[PDB]
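Under the entry's author numbering, residues 1 to 140 are what the first sequence spells out, in order. Where a beta carbon is used, it is the ideal one built from N, C-alpha and C, also for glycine. What follows is a short report on a single structure.
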Amino acid sequence: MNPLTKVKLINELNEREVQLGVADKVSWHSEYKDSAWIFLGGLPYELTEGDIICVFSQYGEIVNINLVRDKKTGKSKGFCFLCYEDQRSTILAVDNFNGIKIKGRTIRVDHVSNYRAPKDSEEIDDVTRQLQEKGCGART
RNA sequence: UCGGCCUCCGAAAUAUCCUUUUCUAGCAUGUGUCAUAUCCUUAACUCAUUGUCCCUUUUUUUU
Ligand SMILES: [Mg+2]
Ligand SMILES: [Mg+2]
């Protein structure tokens with residue numbers, strides 16, 4: 001099953017909801033209300049984390065970022081997890097940003113449930129340790 | 001300084017007429033063809049549907 005059909009399946013999830021007239025208290029997103037983590041998939045490999053944060057900031061303030069990278073070479077696998085400060089920004093981003101094109105590639109944005117953080121057992125990098133323990137965020 | 005109108009009945013809508021009984025009312029008497037419309041007709045002719053199209057981008061939900 002091609003990834004584009006996954007992008008289309010989330011969009012049809014939304015259109016179908018509109019046709020049936022479902023209320024927001026029982027929307028599909030309400031199953032993911034507890035979490036503030038969203039999966040982004042299909043990204044171009046040229047994008048770095050400043051790019052991801054630069055664009056997905058339209059809907060709120062990003063708390064943490066996990067663009068998963070190859071262990072040996074360090075290059076990007078293409079998918080990362082973002083945590084928003086508001087949980088409602090996840091609704092806005094899954095609706096609005098699913099299936100948009102960046103450098104000619106469509107991306108899928110979906111809610112992630114019970115996201116489990118990476119263990120700091122590895123001492124491979126330092127900046128990743130800073131990102132895990134502290135993470136990106138405005139400083140007064 | 002005063003200032004106080006009206007009130008309802010029927011008809012024009014469910015006909016009319018004929019026949020036999022029933023009820024009652026009222027009386028009166030007695031030394032062939034090309035190329036175009038149209039008309040008619042035929043077939044117990046039908047009155048929408050939801051039945052993986054998932055196929056596609058170097059793209060792949062993280063110890
Ligand atoms: Mg008349
Ligand atoms: Mg008259």
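In this structure, the beta-carbon distance from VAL63 to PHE79 does not fall below 8 Å. Excluding sequence positions up to five before and after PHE97, its CB lies within less than 6 Å of the CB of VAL109, all in the same chain and listed in chain order. Pairing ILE91 with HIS29 gives a Cβ-Cβ distance under 8 Å. Beta bridge pairing from DSSP links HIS111 with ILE38. In this chain, the beta strand (DSSP E) harbouring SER76 covers 76-84. In this structure, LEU82 places its C-beta atom within 8 Å of the C-beta atom of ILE52. With respect to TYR115, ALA93 sits apart: the two C-beta atoms are not nearer than 8 Å.
Boundaries of the alpha helix (DSSP H) harbouring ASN14: 3-20, taken from the DSSP string. Around the beta carbon of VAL7, 16 or more other beta carbons lie within 10 angstroms, which makes this residue buried.
The three-state secondary structure of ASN64, taken from DSSP, is strand.
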